[PDB]
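Let me begin by presenting the structure, written as structure tokens, before commenting on it.
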Amino acid sequence: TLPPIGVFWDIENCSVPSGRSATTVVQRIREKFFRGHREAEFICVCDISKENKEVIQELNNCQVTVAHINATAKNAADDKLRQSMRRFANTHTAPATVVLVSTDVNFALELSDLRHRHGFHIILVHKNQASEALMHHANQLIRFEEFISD
């Protein structure tokens, strides 16, 4: 009965600032986007050694996936996010919604393919200074600052 929603969070590009709660970030993502959907993916891709340990602890407690990538590796974070989004597109059929929390222009193709080749609704959560090529593919654009302030 419910369409799937997937969240793909590029933590190194949209990081939780010192002092702020990741639990409240997740809670606000769900409150703002998950109405009338079922969660089918929630993945947060980062090098966990570079992130605040309490942030990682809170994500673990939120029961979402913290996919660790050694940052010495290349485009390996971008690859993990692309892989997870392609897997979502191969698993689900429209109607479906994807929330990408990133600023990185290297996801433009993905956003386009998921929107047009799969018919998915695209939500881009981005910090200021986001790639306009990336922004053009989203159905709705939201500033990441809404999730990390009061």
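Under 9 Å between Cβ atoms, at least 6 apart or on separate chains: pull out the pairs that start in the stretch 95-107 with a residue that is surrounded by fewer than 20 Cβ atoms within 10 Å (Cβ to Cβ) and end on any residue that is part of a strand (DSSP E or B).
Qualifying pairs under 9 Å: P95/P4; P95/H121; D104/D10.
Run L81 past the list (1) under 14 Å from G6 (Cα atoms); (2) assigned to a strand (DSSP E or B) and report the number of the one that doesn't hold.
(2)
Let's see how each residue does on (1) in a strand (DSSP E or B); (2) out of contact with any strand residue (DSSP E or B) (no Cβ under 7 Å at 6 or more places or on another chain):
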site: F8; (1), (2): yes, no
site: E12; (1), (2): no, no
site: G19; (1), (2): no, yes
site: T23; (1), (2): no, yes
site: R30; (1), (2): no, yes
site: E39; (1), (2): yes, no
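Can you pull out every residue in the stretch 91-150 that is over 30 Å from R20 (Cα atoms) and in contact with a helix residue (DSSP H, G or I) (Cβ under 6 Å, 6 or more places away or on another chain)?
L114, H118, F120, listed by residue number.
Give the residues of the stretch 41-74 that are within 19 Å of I5 (Cα to Cα), over 14 Å from the mean Cα position of the chain (by Cα) and part of a helix (DSSP H, G or I), sorted by residue number.
none
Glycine gets a Cβ as well: all are built from the backbone with ideal geometry, and neighbour counts include every protein chain shown. Every number here is computed from the coordinates shown, using simple stated rules; none is lab data.
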